[PDB]
Amino acid sequence: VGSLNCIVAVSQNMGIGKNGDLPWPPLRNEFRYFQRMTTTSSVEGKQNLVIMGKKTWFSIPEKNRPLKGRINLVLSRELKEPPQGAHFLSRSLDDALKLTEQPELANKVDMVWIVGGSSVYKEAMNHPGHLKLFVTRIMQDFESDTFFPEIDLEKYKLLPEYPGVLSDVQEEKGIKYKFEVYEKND
Ligand SMILES: NC(=O)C1=CN([C@@H]2O[C@H](COP(=O)(O)OP(=O)(O)OC[C@H]3O[C@@H](n4cnc5c(N)ncnc54)[C@H](OP(=O)(O)O)[C@@H]3O)[C@@H](O)[C@H]2O)C=CC1
Ligand SMILES: CCCC/C(=C\c1coc2nc(N)nc(N)c12)c1ccccc1OC
């Protein structure tokens, strides 16, 4: 299996969600960037895997489940089977990554993308090993009820640029944002 990554968009006060929706109005190109980064696989004959918590799964519009062109894995201890339209279910992050070595997935998965929510980010970010974070800084405050965990910059280095990632300031609906890539290996 290929790289492990988190991807997120976050406001200036670290907000990532408000009642199961985005804190900010829809940013169409921002969401296109999410789609592009998580869908594009470096290796032929493979797909990327997305790993998300249960509330993040159900935050995707019902008609739009699963995220297409990627294998969709949901994390939950309550659920007993993958929800409608999902591919895999694991009880924890360590279990999902372990599953990625099994016969059923070892040769099918390229990159793994953790796409939220808060507690799955936090566990991944605190997990030893080589990990990148793709972080969109939405450069305004927005009322939020779920937050991105602290990025420890002692270990996560902000990269000076990255292929396929625009480095300059974007703006949609009057809201300026910019794309960043962090990397750790510990
Ligand atoms: N970039 C962005 O701006 C992002 C925004 N979001 C937003 O935040 C909201 C959802 O976030 P949040 O509330 O933090 O929820 P999560 O998606 O992490 O979902 C929580 C549920 O999934 C299960 N879960 C989470 N982590 C694990 C784990 N390691 N093992 C097993 N189960 C786990 C639990 O399920 P159970 O109780 O069934 O065990 C829990 O109730 C979304 O609705 C969305 O609006 C989400 C991702 C990114
Ligand atoms: C499975 C997550 C699908 C994308 C999502 C949130 C993001 C998670 O990581 C992300 N990373 C980036 N750069 N942008 C994002 N927007 C998300 C989302 C969830 C519910 C409703 C709308 C949403 O975006 C319009």
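Chain A is numbered as in Swiss-Prot; the shown residues are, in order, 2-187.
Positions of Cβ are set from backbone N, Cα and C atoms, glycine also.
According to Swiss-Prot, the feature NADP(+) binding site maps to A10, 16-22, 55-57, 77-79, 117-124, an assignment based on experimental evidence. According to Swiss-Prot, the substrate binding site annotation covers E31, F32, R33, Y34, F35, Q36, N65, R71. Marked as domain 'DHFR' by Swiss-Prot: 4-185.
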If the criterion is a C-beta within less than 6 angstroms of any ligand 2 atom, which of the binding-site residues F35, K56, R71, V121, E124 pass it? List them in sequence order.
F35
Near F35 (substrate binding site), which binding-site residues out of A10, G18, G21, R78, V121, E124 have their CA within 10 Å?
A10
Tell me the Cβ neighbour count for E31 (substrate binding site), meaning other Cβ atoms within 10 Å of its Cβ, over all protein chains shown.
20
Distance-selected binding-site residues near ligand 1 (C-beta under 6 Å), from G21, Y34, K56, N65, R71, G118:
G21, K56, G118
Lowest local Cβ density (other Cβ within 10 Å) among binding-site residues: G18, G21, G118
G21
Taking only the Cα atoms, work out how far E124 (NADP(+) binding site) lies from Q36 (substrate binding site), in Å, as a whole number.
23
Site diameter for substrate, Å, by largest Cα distance between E31, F32, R33, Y34, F35, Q36, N65, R71
18
Within its own chain, what residues at least 6 apart in sequence put their Cβ under 8 Å from the Cβ of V121 (NADP(+) binding site), listed in sequence order?
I52, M53, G54, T57, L76, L94, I115
Least buried by Cβ count (within 10 Å) of the binding-site residues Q36, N65
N65
When neighbour density is defined as the number of other C-beta atoms within 10 angstroms of a residue's C-beta, which of the binding-site residues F32, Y34, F35 has the lowest density?
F32
If you count Cβ atoms within 10 Å of the Cβ of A10 (NADP(+) binding site), leaving out that atom itself, what do you get?
23
Of all the binding-site residues here, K56, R71, which one's CB has the most other CB atoms within 10 A?
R71
